[PDB]
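Encoded as structure tokens, the following chain is the form deposited without ligand XH7, with no partner shown.
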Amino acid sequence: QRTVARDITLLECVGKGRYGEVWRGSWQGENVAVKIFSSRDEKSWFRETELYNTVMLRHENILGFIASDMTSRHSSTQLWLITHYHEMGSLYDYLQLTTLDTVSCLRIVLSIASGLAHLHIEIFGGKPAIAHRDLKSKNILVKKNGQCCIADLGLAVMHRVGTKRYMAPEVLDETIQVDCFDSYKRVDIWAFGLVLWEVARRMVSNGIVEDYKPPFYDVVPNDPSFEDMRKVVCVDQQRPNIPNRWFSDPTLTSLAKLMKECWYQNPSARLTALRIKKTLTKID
């Protein structure tokens, strides 16, 4: 009746970490990305699979799902997540290789806000509301058309802990209202503000740009502890630096105000993803 072509040729490893690997693969002449999970992070494969079994997300700023595969091995289970392949790689990667102009900076950040608002929104008749819980520049991919897409729904919640450097104050001080779905959207907005800061630094104005740095590069070590981050974010209430040169540029002046309104200590004071999108459409 029909041939079901399931062979994927794994061609090159494009990412490796504690808890698995991503490969560029080929299926029927087409590039795909294959994430192979460590057994120690099996729950991330299960959570992303359970979410996509609930709602087949389809959005230009969400990494495109193709398949979840479980294969029996003699004394283990092999878990693969197969998605669209973005040859430009992660935003984290990209910001070290390039500087940005005004149009390219705004296009990047509005595309991220668009993907995030799509996750956050409940649609009736539709999708549940979804919070990401690990938003960061390594979890955003750059597309050839200059927009980005959000990746990794292994920690997502529908209505493992997040990367410590990007944790909101209420996560670090353990006050977060864990029974309130809105709490998790507000944690994503905090992380979005940090990403917005990372990108804005690489936008040129008046011949000036900042070097790529991660959030809090100047106040915490590499692989910062929970306590390192709690002291910076909660006890001292530090926030990333806004350089003086941004205040000569109307785009970076507006982006500075936006990122401040993602970083309030009080989670309910933070902007929503939809309000961030509106603000970004009125900049320039």
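In this text, residue numbers run from 1 along the sequence as written.
Absent from the display: the form solved in complex with ligand XH7. The rest refers to it.
Contact check for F226: no non-hydrogen atom falls within 4.5 Å of ligand XH7 in the deposited complex.
Although the partner is absent from this view, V103 stays clear of ligand XH7 in the deposited complex, with no non-hydrogen atom inside 4.5 angstroms. Although the partner is absent here, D249 is not a contact residue: none of its heavy atoms lies within 4.5 angstroms of ligand XH7 in the deposited complex. Contact annotation for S114: at least one heavy atom lies within 4.5 Å of ligand XH7 in the deposited complex. Heavy atoms within 4.5 Å of ligand XH7 in the deposited complex are found in exactly one of 235-243, 254-262, 36-44, 217-225, that being 36-44.
Contact check for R107, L110 and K278: none of the three has a heavy atom within 4.5 Å of ligand XH7 in the deposited complex. This chain is displayed alone, yet in the deposited complex one of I121, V157, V209, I176 has a heavy atom within 4.5 Å of ligand XH7; that residue is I121.
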